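Here's the structure we're looking at; comments come further down.
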Amino acid sequence: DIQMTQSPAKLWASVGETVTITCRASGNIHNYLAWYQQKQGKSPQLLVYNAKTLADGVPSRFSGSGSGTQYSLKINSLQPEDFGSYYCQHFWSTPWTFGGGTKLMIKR
Amino acid sequence: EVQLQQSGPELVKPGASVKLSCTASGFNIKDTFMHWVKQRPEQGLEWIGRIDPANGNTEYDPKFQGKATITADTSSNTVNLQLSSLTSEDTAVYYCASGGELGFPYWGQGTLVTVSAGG
C-alpha cells in the first residue's frame, strides 16, 4: 500500500505570507494526486487534481507541483479565506490514502 | 445540482454495530465510485474504502477490514457503511464522497458517530 507523508502538520502564518505544504508518497503515484481544503466546521473541497490542475473557482495563488513520489502545494500571499486544513490524497493503487493534513492557522 | 445527503447523528454503545447511509441526487451513483472517509475529532481524513455501484466491487484500506462493510442500493441511489464492534476509536465524523482518480469533487456533510465509554 502507498502511504502519504505530509508536512508540516501545523503551520502558523499571517495574511500576505507565502507557504508551502508537501506530500511524499511511499511509492510512485504518477501525478494522480489531489489537494483538498477543509475549513473549520465544513466538508472538504477539492482544490487541485492531477498534481497541478486547479479545480473549479480556485484562485491563481494556489499552485500544485511535483512528480514521482514528491508533491507540493504552494499558496502565494495567503488570504483571510485560506486558513483551515489541507490534505493531499493519491489515486494510484488502492488504498487511495490521505496525507496526515496541515492545519494552517493565523498567527495571533 | 449534485447533493449527497447523509443520515442523522448516532449515539451508540461499545460492541454494537451501526449502519450509516448516504443518498445521492443530481447524478447516478452507478457512474462513479462512492467513498467513505473517517475523521476523528480534530484529526485528519482517513479513506475507509469505496464501492463501484455499477457492479458492486469494493476496495478497503486493510486497517478497516471487517470493521467496515460498504454496500450500495442503486434503486434508491444510496450507499451504506456498516461499522461493526464499535469502540471509542470509532468516534468520528464519517463522510461520503463521490469521484474517481481525478479527486472527489462532491462531499456529504458527514455523519457524527459517538461511541460511549467502555470499548
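Letters A, B, ... go to the chains of the C-alpha cells in the order shown; residues in each chain start at 1; ligands are counted from 1 in the same order.
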
Go through chain A residue by residue and, counting only C-alpha atoms, keep those with an atom at most 7 Å from chain B; for each kept residue give the shortest atom pair and its distance in Å to one decimal, ordered by chain and increasing number, as CSV.
residue,atom,partner,partner_atom,distance
A:32,CA,B:101,CA,6.6
A:34,CA,B:103,CA,5.7
A:43,CA,B:109,CA,5.8
A:44,CA,B:107,CA,7.0
A:45,CA,B:105,CA,6.7
A:46,CA,B:105,CA,5.5
A:49,CA,B:102,CA,5.6
A:50,CA,B:102,CA,6.2
A:91,CA,B:101,CA,5.0
A:94,CA,B:59,CA,7.0
A:95,CA,B:61,CA,5.1
A:96,CA,B:47,CA,6.7
A:97,CA,B:47,CA,5.8
A:98,CA,B:46,CA,6.2
A:100,CA,B:44,CA,5.7
A:101,CA,B:44,CA,5.9

Which parts of range 8-116 of chain B does DSSP call helix (DSSP H, G or I) when run on the backbone here, written out as a PyMOL selection string? chain B and resi 29-31+62-64+74-76+88-90

Enumerate as a PyMOL selection string all residues of chain B assigned to strand (DSSP E) by DSSP on the backbone, naming them with the chain letters and numbers the document uses. chain B and resi 3-6+10-12+18-25+34-39+45-51+58-60+68-73+78-83+92-100+103-107+111-115

What's the 10 Å shell around residue 58 in chain A, counting only C-alpha atoms, without same-chain residues fewer than 3 positions away, as a ChimeraX atom specification? /A:46-48,53-55,61-63

Shell of 9 Å around residue 89 in chain B, only C-alpha atoms, local chain residues under 4 positions omitted, as a PyMOL selection string: chain B and resi 40+115+119

Dump as a compact mmCIF listing (two decimals), in the first residue's frame, selection limited to C-alpha atoms:
# COMPACT_ATOMS: atom_id res chain seq x y z
CA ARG B 40 -11.85 11.63 14.30
CA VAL B 115 -19.41 5.71 20.89
CA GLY B 119 -14.93 -0.37 24.50

Would you list the contacts of residue 17 in chain A as a ChimeraX atom specification, taking every protein, DNA or RNA residue within 8 Å and counting only C-alpha atoms, but skipping same-chain residues closer than 5 positions in sequence? /A:76-78

Counting only C-alpha atoms, what is within 9 Å of residue 25 in chain B, bar same-chain residues fewer than 4 positions away, as a ChimeraX atom specification? /B:1-5,29,77

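For the residues A:33, A:51, A:73, A:25, ranking by smallest atom-to-atom distance to residue 90 in chain A using only C-alpha atoms places A:33 first.
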